[PDB]
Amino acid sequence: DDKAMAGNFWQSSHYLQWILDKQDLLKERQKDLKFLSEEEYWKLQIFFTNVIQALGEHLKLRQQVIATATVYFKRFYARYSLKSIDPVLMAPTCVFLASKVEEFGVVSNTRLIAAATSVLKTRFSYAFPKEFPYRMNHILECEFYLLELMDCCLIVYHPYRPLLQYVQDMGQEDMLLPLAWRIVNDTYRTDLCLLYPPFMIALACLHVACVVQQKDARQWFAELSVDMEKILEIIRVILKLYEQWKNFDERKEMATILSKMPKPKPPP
């Protein structure tokens, strides 16, 4: 565990700059909703969340690095249009940059490209007819743009750590953590990480886990000093995600949705 800056969230760039207003986000999104429906935009985001996950697993990265790379991606496109940079290029760039914020091992250039090439063909050929078309020099170029445009904000906080402390506090690690952890993973298929402090997301995921497993934790939740209204908002987003998940067939739909994307304009 890379515990750098762990107790500093309330003074962090994450909190001070990258907890966004839901309306500002929705307004910036409009330019891309000229081409895509709100539903199709969400489906795209889910899709690339899954792409980043697959790349990370392939490179044997711990979940924390993958989550960080996922947030970079979300942050970039929260601000800039899908057409600004090919997300097929952005996704591996996020993984690459995130992996460098850690010092326990390095992703070489060949291993990153080989991983991008291999994951897209074997796991995502339903969305992509052609092989991965970018070379490492494109990744490096994209990486500079990504760093610049995130205002060099690299340290990202995630729900996993507070979740661990909460289930420990409950004394219910065996029963609840696997399910709650998995629900944290699922929240990255939504905008929650741009809107809420991660401990709130942890609590919402722990709550849903408790409900799924018919574990009464009302007294424990009462003993907390938190805005429970906010937690309920988060829970509702989680419940909505699962309904979208049910109605979404990304393998059947994503080629169509990708073709609708606005594409980068070439130079004249």
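Heads up, when I say rigid core I mean the largest set of C-alphas that superpose within 1.5 Å between the two forms. Sequential numbering from 1, following the sequence displayed.
Once the rigid core is used to overlay the structures in 8 other deposited structures of this protein, the stretch among 159-167 and 94-102 whose CA atoms lie farther from this form is 94-102. For 105-113 versus 183-191, the mean Cα distance to the shown form in 8 other deposited structures of this protein after rigid core alignment is larger for 105-113. Averaged over CA atoms, B-factors in the entry run higher in 228-236 than in the other of 228-236 and 65-73. If you average the C-alpha B-factors over 171-179 and over 156-164, the higher value belongs to 171-179.
The residue among 93, 187, 122, 99 whose C-alpha carries the highest B-factor in the deposited model is 122. When the Cα B-factors of 194, 142, 116, 127 are read from the PDB record, 116 comes out highest. In the deposited entry, the Cα temperature factor of residue 213 places it in the highest third of its chain's modelled residues. Sorting the modelled residues of the chain by their CA temperature factor places residue 219 in the highest third. Per the PDB record, residue ranking by Cα B-factor puts residue 25 in the highest third of the chain. The deposited CA B-factor of residue 244 belongs to the middle third of values across its chain. Among all modelled residues in this chain, the alpha-carbon of residue 136 has a temperature factor (C-alpha) in the highest third.
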